[PDB]
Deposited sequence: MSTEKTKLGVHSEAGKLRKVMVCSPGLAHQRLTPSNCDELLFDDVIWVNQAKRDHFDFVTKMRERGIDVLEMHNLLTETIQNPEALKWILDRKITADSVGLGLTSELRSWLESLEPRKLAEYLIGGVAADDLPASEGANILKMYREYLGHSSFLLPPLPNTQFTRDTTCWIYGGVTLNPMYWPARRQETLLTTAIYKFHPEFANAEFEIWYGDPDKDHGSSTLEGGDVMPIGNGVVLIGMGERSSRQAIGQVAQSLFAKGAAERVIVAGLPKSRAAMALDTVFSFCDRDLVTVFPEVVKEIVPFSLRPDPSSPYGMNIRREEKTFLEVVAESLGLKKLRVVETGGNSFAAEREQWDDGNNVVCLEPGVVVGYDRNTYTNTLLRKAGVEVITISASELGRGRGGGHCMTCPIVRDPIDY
């Protein structure tokens, strides 16, 4: 079976998502900063709205895959579980006085239940009584130490971050913050072992949860197949150039793409992922955070045999939207601006995900922006941002397209 994503707006057929879970249940106001998450959310309500999100997509024929289901299914294949535990439970990871115990107990659990733990972390208290466990209990008691052997991963919720389907293949992203590489470990397990992938046909363009990668980091929110052989990769805090460079070579090498357009975010706005300030809604329509998007320096990177490293990159003086426009054959793109005329209040309606050309899913709260999408012709299906929103992520961040068709450019 052919898996691949060939645009940003085209009809979406298979998307992978992750509902908030045990991970989020462990968020306290003090530990949410060092567990890489915005705030504490109402978990049971966040699940209900996510399920509402999952259903408004499914109701339209789209195949929607929840990470916990895939993981549960994957874990039943002994080989798969062993591949994950061998790399997740090590002396270096949990301490030599706990690997043995930790592993036997996780292996003693029902599939589903295990997935929940592989995703939401495992605490000292979750283990059966022991010396291993008790020693940890006192490090928390007497020194203030963390009581997580296996840390939660609430950010699994944003399936967009961890991996990226770029045409006929996927990247296994080396995550910027080391603790988030545990998420890639699991989505890689799924793609490597689960039946829906293990047989399917697709290329692995970059990544390896075994290697270290060093300063090569890459995050999903930065990558985009817009079609027409083009790929937009934002280069700021999380996506380094040493990665972006390899992804390009790898792609050019198999003719996946004819041009990688590197979108350089200025230091100031560099902590923002590209799909946070720039999103597609239709063949030629985008939402944009003006102040930022007008400051992006576009760089075209394309194939070149006259170079040893087989590539050419030229700075671009035309604006980013102009480069984007021209790389799609269009005279120019229409633009809706988010983040002062007749705005009733500040809203940030970037990060909607297209279900097909002209149909989009966004947040209820961005009424003003959502209104501008409809006057410009987009059907805007909304979900509640109340709990999912407190995550610094929208529809786009919460979806990972696996199968999406292209459009004529």
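Peer 1: Comparing the deposited sequence against the modelled residues, what ranges come up empty for C-alpha?
Peer 2: Several regions go unmodelled: 1 to 5, 345 to 348.
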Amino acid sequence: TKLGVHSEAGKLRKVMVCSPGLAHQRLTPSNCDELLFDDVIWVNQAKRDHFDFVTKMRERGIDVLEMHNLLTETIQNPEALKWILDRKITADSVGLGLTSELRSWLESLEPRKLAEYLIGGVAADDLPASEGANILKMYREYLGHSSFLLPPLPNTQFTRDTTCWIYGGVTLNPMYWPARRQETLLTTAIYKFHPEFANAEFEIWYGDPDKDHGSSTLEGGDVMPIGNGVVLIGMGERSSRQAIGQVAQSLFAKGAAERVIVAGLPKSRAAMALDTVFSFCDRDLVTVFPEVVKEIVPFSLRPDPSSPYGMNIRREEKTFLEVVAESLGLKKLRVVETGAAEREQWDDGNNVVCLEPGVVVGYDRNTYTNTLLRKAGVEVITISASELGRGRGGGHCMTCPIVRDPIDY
From here on, numbers count along this sequence of modelled residues.
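Peer 1: With reference to the PDB entry, specify whether the mean Cα temperature factor is higher for 36 to 44 or for 53 to 61.
Peer 2: The recorded data point to 36 to 44.
Peer 1: Is the mean CA B factor in the deposited entry higher across 370 to 378 or across 357 to 365?
Peer 2: Here the higher of the two C-alpha B-factor means belongs to 370 to 378.
Peer 1: In this PDB entry, which of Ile233, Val336, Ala273, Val247 has the top CA B-factor?
Peer 2: In this record, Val336 carries the highest C-alpha B-factor of the candidates.
Peer 1: Identify, among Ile135, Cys164, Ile226, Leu81, the residue whose C-alpha carries the highest B-factor in the deposited PDB entry.
Peer 2: Among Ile135, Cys164, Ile226, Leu81, the PDB entry lists the largest C-alpha B-factor for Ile135.
Peer 1: Test of reading the entry: by CA B factor among the chain's modelled residues, which third contains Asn350?
Peer 2: Tercile = middle for this residue's CA B-factor.
Peer 1: Looking at the entry's B-factor column for C-alpha atoms only, identify whether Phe289 ranks in the lowest, middle or highest third of its chain.
Peer 2: As the PDB entry reports it, the C-alpha B-factor of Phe289 lands in the middle third of its chain.
Peer 1: Among the chain's modelled residues, which third holds the C-alpha B-factor of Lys2?
Peer 2: CA B-factor rank for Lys2: highest third.
Peer 1: What third of its chain, lowest, middle or highest, does the C-alpha temperature factor of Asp222 fall into?
Peer 2: CA B-factor rank for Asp222: middle third.
Peer 1: Where does the C-alpha B-factor of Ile296 rank in its chain, lowest, middle or highest third?
Peer 2: Highest third.
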